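For reference, data_33.cif (mmCIF, N, CA, C and O atoms):
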data_entry
loop_
_atom_site.label_atom_id
_atom_site.label_comp_id
_atom_site.auth_asym_id
_atom_site.auth_seq_id
_atom_site.Cartn_x
_atom_site.Cartn_y
_atom_site.Cartn_z
N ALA A 1 6.81 23.20 7.30
CA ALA A 1 8.14 22.72 6.82
C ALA A 1 7.96 21.47 5.96
O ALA A 1 6.86 20.97 5.80
N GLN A 2 9.02 20.96 5.40
CA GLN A 2 8.90 19.74 4.55
C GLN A 2 9.01 18.49 5.43
O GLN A 2 9.09 18.58 6.64
N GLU A 3 9.00 17.33 4.83
CA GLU A 3 9.10 16.08 5.64
C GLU A 3 10.55 15.57 5.60
O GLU A 3 11.22 15.70 4.59
N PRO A 4 10.98 14.99 6.69
CA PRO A 4 12.34 14.45 6.82
C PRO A 4 12.44 13.09 6.13
O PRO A 4 12.58 12.06 6.77
N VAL A 5 12.37 13.06 4.82
CA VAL A 5 12.46 11.77 4.09
C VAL A 5 11.45 10.78 4.68
O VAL A 5 10.32 10.69 4.23
N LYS A 6 11.83 10.03 5.68
CA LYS A 6 10.88 9.05 6.29
C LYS A 6 10.42 9.57 7.65
O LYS A 6 10.95 10.53 8.17
N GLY A 7 9.44 8.94 8.24
CA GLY A 7 8.94 9.39 9.57
C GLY A 7 7.62 8.69 9.87
O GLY A 7 7.55 7.82 10.72
N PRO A 8 6.59 9.10 9.17
CA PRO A 8 5.24 8.53 9.32
C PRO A 8 5.17 7.17 8.61
O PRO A 8 6.16 6.49 8.46
N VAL A 9 4.00 6.77 8.17
CA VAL A 9 3.88 5.46 7.47
C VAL A 9 4.24 5.62 5.99
O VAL A 9 3.59 5.08 5.12
N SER A 10 5.28 6.36 5.70
CA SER A 10 5.68 6.56 4.28
C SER A 10 4.54 7.20 3.50
O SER A 10 3.53 6.58 3.22
N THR A 11 4.69 8.45 3.13
CA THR A 11 3.61 9.13 2.36
C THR A 11 3.86 8.91 0.87
O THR A 11 2.96 9.03 0.06
N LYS A 12 5.07 8.60 0.50
CA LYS A 12 5.38 8.37 -0.94
C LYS A 12 6.20 7.08 -1.07
O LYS A 12 7.38 7.12 -1.34
N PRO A 13 5.53 5.97 -0.88
CA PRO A 13 6.17 4.64 -0.98
C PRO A 13 6.36 4.24 -2.44
O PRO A 13 7.36 4.57 -3.06
N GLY A 14 5.43 3.53 -3.01
CA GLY A 14 5.57 3.11 -4.44
C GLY A 14 4.24 3.32 -5.17
O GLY A 14 3.46 4.18 -4.82
N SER A 15 3.99 2.53 -6.18
CA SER A 15 2.71 2.68 -6.93
C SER A 15 1.98 1.34 -6.99
O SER A 15 2.58 0.31 -7.20
N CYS A 16 0.69 1.35 -6.79
CA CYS A 16 -0.07 0.08 -6.84
C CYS A 16 -0.12 -0.43 -8.28
O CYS A 16 -0.03 0.34 -9.21
N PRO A 17 -0.24 -1.73 -8.42
CA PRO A 17 -0.28 -2.39 -9.74
C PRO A 17 -1.67 -2.26 -10.37
O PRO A 17 -2.00 -2.97 -11.30
N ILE A 18 -2.50 -1.37 -9.89
CA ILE A 18 -3.86 -1.23 -10.48
C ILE A 18 -4.62 -2.55 -10.27
O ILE A 18 -4.17 -3.60 -10.67
N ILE A 19 -5.76 -2.49 -9.65
CA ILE A 19 -6.54 -3.74 -9.41
C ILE A 19 -8.03 -3.45 -9.53
O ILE A 19 -8.54 -2.57 -8.88
N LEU A 20 -8.72 -4.20 -10.36
CA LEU A 20 -10.19 -3.99 -10.53
C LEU A 20 -10.51 -2.49 -10.48
O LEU A 20 -10.53 -1.81 -11.49
N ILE A 21 -10.73 -1.97 -9.31
CA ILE A 21 -11.02 -0.52 -9.18
C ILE A 21 -10.52 -0.04 -7.81
O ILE A 21 -9.41 0.46 -7.69
N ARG A 22 -11.30 -0.18 -6.78
CA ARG A 22 -10.84 0.28 -5.44
C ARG A 22 -11.87 -0.13 -4.38
O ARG A 22 -12.08 0.57 -3.42
N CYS A 23 -12.48 -1.28 -4.57
CA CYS A 23 -13.50 -1.82 -3.61
C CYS A 23 -13.81 -0.82 -2.49
O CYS A 23 -13.17 -0.81 -1.46
N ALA A 24 -14.80 0.01 -2.68
CA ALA A 24 -15.15 0.99 -1.61
C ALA A 24 -16.39 0.47 -0.88
O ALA A 24 -17.43 1.08 -0.88
N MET A 25 -16.27 -0.68 -0.27
CA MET A 25 -17.44 -1.27 0.45
C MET A 25 -17.38 -0.91 1.95
O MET A 25 -17.75 0.17 2.34
N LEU A 26 -16.93 -1.82 2.78
CA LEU A 26 -16.88 -1.51 4.24
C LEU A 26 -15.42 -1.55 4.73
O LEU A 26 -14.54 -1.00 4.11
N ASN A 27 -15.17 -2.19 5.85
CA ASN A 27 -13.77 -2.24 6.37
C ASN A 27 -13.24 -3.68 6.28
O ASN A 27 -13.40 -4.45 7.20
N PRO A 28 -12.63 -3.98 5.16
CA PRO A 28 -12.05 -5.32 4.91
C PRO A 28 -10.73 -5.48 5.69
O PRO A 28 -10.20 -4.52 6.21
N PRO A 29 -10.25 -6.69 5.73
CA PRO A 29 -9.00 -7.03 6.43
C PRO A 29 -7.79 -6.61 5.59
O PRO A 29 -7.93 -6.17 4.46
N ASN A 30 -6.61 -6.75 6.12
CA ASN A 30 -5.40 -6.36 5.34
C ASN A 30 -4.19 -7.14 5.85
O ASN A 30 -3.97 -7.25 7.04
N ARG A 31 -3.39 -7.67 4.96
CA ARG A 31 -2.19 -8.43 5.40
C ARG A 31 -1.03 -7.46 5.61
O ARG A 31 0.00 -7.81 6.15
N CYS A 32 -1.19 -6.23 5.21
CA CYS A 32 -0.12 -5.22 5.39
C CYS A 32 -0.75 -3.84 5.28
O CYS A 32 -1.85 -3.69 4.78
N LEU A 33 -0.07 -2.83 5.72
CA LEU A 33 -0.64 -1.46 5.63
C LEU A 33 0.52 -0.44 5.69
O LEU A 33 0.75 0.31 4.76
N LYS A 34 1.25 -0.46 6.76
CA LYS A 34 2.42 0.46 6.90
C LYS A 34 3.67 -0.40 7.09
O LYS A 34 4.73 -0.11 6.58
N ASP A 35 3.53 -1.45 7.85
CA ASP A 35 4.68 -2.36 8.11
C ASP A 35 4.80 -3.37 6.97
O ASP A 35 4.74 -4.57 7.19
N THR A 36 4.97 -2.90 5.77
CA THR A 36 5.10 -3.84 4.62
C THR A 36 6.00 -5.01 5.00
O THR A 36 7.13 -4.82 5.43
N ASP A 37 5.53 -6.21 4.85
CA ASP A 37 6.36 -7.39 5.21
C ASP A 37 6.67 -8.19 3.94
O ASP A 37 6.58 -9.40 3.92
N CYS A 38 7.05 -7.52 2.89
CA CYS A 38 7.37 -8.24 1.62
C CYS A 38 8.89 -8.33 1.46
O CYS A 38 9.55 -7.32 1.33
N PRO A 39 9.41 -9.53 1.47
CA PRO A 39 10.86 -9.76 1.33
C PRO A 39 11.28 -9.63 -0.14
O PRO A 39 11.07 -10.52 -0.94
N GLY A 40 11.88 -8.52 -0.50
CA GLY A 40 12.31 -8.33 -1.92
C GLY A 40 12.02 -6.89 -2.35
O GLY A 40 12.38 -5.95 -1.66
N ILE A 41 11.39 -6.71 -3.47
CA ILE A 41 11.08 -5.33 -3.94
C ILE A 41 9.57 -5.15 -4.03
O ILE A 41 9.03 -4.84 -5.07
N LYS A 42 8.87 -5.34 -2.94
CA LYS A 42 7.39 -5.18 -2.97
C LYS A 42 7.00 -3.95 -2.15
O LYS A 42 7.84 -3.25 -1.62
N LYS A 43 5.73 -3.69 -2.03
CA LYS A 43 5.28 -2.51 -1.25
C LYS A 43 3.79 -2.66 -0.95
O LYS A 43 2.98 -2.86 -1.83
N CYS A 44 3.41 -2.58 0.30
CA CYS A 44 1.97 -2.74 0.64
C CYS A 44 1.12 -1.72 -0.14
O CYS A 44 1.21 -0.53 0.08
N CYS A 45 0.31 -2.19 -1.04
CA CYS A 45 -0.55 -1.27 -1.84
C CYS A 45 -2.01 -1.70 -1.70
O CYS A 45 -2.38 -2.38 -0.77
N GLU A 46 -2.86 -1.30 -2.61
CA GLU A 46 -4.29 -1.68 -2.51
C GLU A 46 -4.68 -2.56 -3.70
O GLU A 46 -4.70 -2.11 -4.83
N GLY A 47 -4.99 -3.80 -3.45
CA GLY A 47 -5.38 -4.71 -4.57
C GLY A 47 -6.90 -4.72 -4.69
O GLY A 47 -7.54 -5.74 -4.53
N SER A 48 -7.49 -3.59 -4.99
CA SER A 48 -8.97 -3.54 -5.13
C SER A 48 -9.60 -4.32 -3.96
O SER A 48 -9.89 -5.49 -4.09
N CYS A 49 -9.79 -3.67 -2.84
CA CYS A 49 -10.39 -4.36 -1.65
C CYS A 49 -9.29 -5.03 -0.83
O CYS A 49 -8.78 -6.07 -1.20
N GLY A 50 -8.93 -4.46 0.28
CA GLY A 50 -7.86 -5.06 1.13
C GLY A 50 -6.48 -4.67 0.60
O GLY A 50 -6.31 -4.41 -0.58
N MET A 51 -5.50 -4.64 1.45
CA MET A 51 -4.12 -4.28 1.01
C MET A 51 -3.22 -5.51 1.10
O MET A 51 -3.54 -6.47 1.77
N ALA A 52 -2.10 -5.49 0.43
CA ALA A 52 -1.18 -6.66 0.48
C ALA A 52 0.14 -6.29 -0.19
O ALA A 52 0.40 -5.15 -0.50
N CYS A 53 1.00 -7.25 -0.40
CA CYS A 53 2.32 -6.96 -1.04
C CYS A 53 2.17 -6.75 -2.55
O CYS A 53 1.82 -7.66 -3.28
N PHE A 54 2.45 -5.57 -3.02
CA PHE A 54 2.35 -5.30 -4.49
C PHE A 54 3.64 -4.64 -4.96
O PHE A 54 4.17 -3.76 -4.30
N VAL A 55 4.16 -5.04 -6.09
CA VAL A 55 5.41 -4.41 -6.58
C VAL A 55 5.14 -2.92 -6.84
O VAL A 55 4.16 -2.58 -7.47
N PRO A 56 6.02 -2.07 -6.35
CA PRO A 56 5.88 -0.61 -6.51
C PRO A 56 6.40 -0.17 -7.88
O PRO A 56 7.21 0.73 -7.99
N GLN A 57 5.94 -0.80 -8.93
CA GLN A 57 6.40 -0.42 -10.29
C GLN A 57 7.88 -0.77 -10.45
O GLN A 57 8.21 -1.41 -11.44
#

Go ahead and express the file in the form of structure tokens.
Amino acid sequence: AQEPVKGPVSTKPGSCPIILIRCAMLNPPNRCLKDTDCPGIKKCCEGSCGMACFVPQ
């Protein structure tokens, strides 16, 4: 079946602002992941190594 709009950690949130590339090293820390804590119009994305608040376009 399809997905009920929301449910999981958002499969279609926003778009990352593009950063360097995608740091594929080990397991870095993250200030956000699913529980985006950005007050305004931001969205936890990937800033080339680690995730954080990034505007979803």

With distances taken over only N, CA, C and O atoms, the candidate from A:44, A:1, A:9, A:49 nearest residue 25 of chain A is A:49

Computed gap from atom N of residue 47 of chain A to atom N of residue 26 of chain A is 13.6 Å

Step one, run DSSP on the backbone; step two, keep only residues of chain A assigned to strand (DSSP E); then write them as a ChimeraX atom specification.
/A:43-46,51-54

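Going from atom CA of residue 35 of chain A to atom CA of residue 13 of chain A covers 11.6 Å.
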
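For the file at hand, the PyMOL selection byres ((chain A and resi 15) around 5) resolves to residues 13, 14, 16, 17, 55, 56 and 57 of chain A.
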